[PDB]
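S.K.: sequence, then structure. It's an experimental one.
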Amino acid sequence: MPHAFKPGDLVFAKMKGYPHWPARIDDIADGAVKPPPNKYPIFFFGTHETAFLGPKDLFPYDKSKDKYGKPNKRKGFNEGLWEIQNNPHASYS
């Protein structure tokens with residue numbers, strides 16, 4: 001049965017106006033900006049941008065990849081599909 005989201009979990013993350021996007025729950029490093037309550041730091045593969053999102057916008061990768069894991073014309077999308085499948089836990093800093 002599901003647990004709560006934790007750093008390292010792989011997801012498709014949804015934001016207004018964008019397709020469901022390959023992403024991971026990031027850790028928060030000492031000294032880094034913390035998310036708002038009930039929000040998670042989302043790192044988006046491909047773009048390498050961060051946003052804070054709640055669970056309503058977070059779809060677990062294994063369950064969702066058939067549906068959402070298909071090429072997209074949006075900038076960085078296809079690079080992001082490679083990263084989530086091939087090296088989802090690397091430093092992209």
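M.R.: Alright, I've got the coordinates. Residues are numbered from 1 along each chain as shown.
S.K.: against which helices or strands is the top helix by length along the chain packed?
M.R.: Of all the elements of type helix in the chain, the one with the most residues (DSSP state H) is helix 77-86. Applying 3 or more Cβ pairs under 8 Å, 6 or more residues apart in numbering; DSSP states H and E, one finds that helix 77-86 contacts strand 21-25. (Each C-beta comes from the backbone N, C-alpha and C, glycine too.)
S.K.: give the contact list for the residue most central in space within the chain.
M.R.: Note on the chain: the residue nearest the mean C-alpha position is residue 23, at 1.8 Å, using Cα atoms, centre = their mean. With contacts defined as Cβ atoms under 8 Å, 6 or more residues apart in numbering, residue 23 is in contact with 10, 11, 12, 13, 42, 43, 44, 45, 80, 84.
S.K.: pick the one among those residues closest to residue 29.
M.R.: Looking at the contacts of residue 23 and their distance to residue 29, the nearest is residue 43, at 12.2 Å (Cβ to Cβ).
S.K.: let me know the helix or strand that the closest one is in.
M.R.: Using DSSP states H and E, residue 43 maps to strand 40-44.
S.K.: show residues contacting that strand.
M.R.: So strand 40-44 is contacted by 5, 11, 13, 21-28, 35, 49-55, 58, 76, 80, 92 (Cβ under 8 Å, 6+ apart).
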